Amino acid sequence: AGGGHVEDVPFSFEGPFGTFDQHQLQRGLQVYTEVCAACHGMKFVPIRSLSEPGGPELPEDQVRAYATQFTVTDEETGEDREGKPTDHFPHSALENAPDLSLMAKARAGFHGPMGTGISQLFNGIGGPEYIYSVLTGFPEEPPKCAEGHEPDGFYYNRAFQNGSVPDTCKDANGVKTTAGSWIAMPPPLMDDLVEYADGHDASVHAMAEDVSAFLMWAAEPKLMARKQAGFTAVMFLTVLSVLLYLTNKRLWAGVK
């Protein structure tokens, strides 16, 4: 296959100063809960982290109420019970629906240029944009070359680079005509499919962009922590470098 091109979304968290947008992640968690969760799971995500700083930061009792809707098989009782915040979100209900816990990091959207990766040295890995583009990329009409050869069960998606493509859609050398390919995930986002609280718009674009940020957090919950840690460290060091530079220059001057 190969690495394609994705829609470049200007998420809040990008940049050394970027940070999550608490309400967005909140909206995202709702999209994930009412839409994705039907097939996808997040096995490495402890529900109780919905409360931790740097994320959606819901109030503990809400989070506790939330975990309720999940049936979990205890780890001693062998039985089933209501979800406790100490539980992880469940495994994907749909066998072939990948786990979304790390999806925003499992994908790159800025491939290249020329294998030099200089594109990421500036654009990051593009995991969230990638996810965005996949939710976006569901055209109403199948690309021409596939007209009557669409694998039943699949759907054409402009961002997907790892799906099958009808032979009638490849060129003389076997390569594909289409920008995307056929994914087994039926389109998930319909306009205003999620009833936001604060009224905020639920346009496929918006939902898609929100749920993406959520997933970016679900994969890098300590994003903000990392950057703060990063900024702090850069500071000690910039200062320390200067001192040492002067100490060294001073010390050596007695030689040159």
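Quick note: we count residues from 1 along the sequence shown, nothing fancier.
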| query | finding |
| --- | --- |
| Selected stretch [higher average CA B-factor]: 36 to 44 or 189 to 197 | 189 to 197 |
| Comparing 65 to 73 with 214 to 222, the one whose average Cα B-factor in the PDB entry is higher | 65 to 73 |
| Selection by C-alpha B-factor (highest) of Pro90, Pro98, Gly127, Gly115 | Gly115 |
| Residue selected from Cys145, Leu135, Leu94, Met103 by maximal Cα B factor | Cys145 |
| CA B-factor ranking of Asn173, expressed as a third of its chain | highest |
| Lowest, middle or highest third - CA B-factor, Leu240 | lowest |
| Third of chain Cα B-factors occupied by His111 | highest |
| Entry-reported Cα temperature factor of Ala208, expressed as the chain third it lands in | middle |
| Third of chain Cα B-factors occupied by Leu25 | middle |
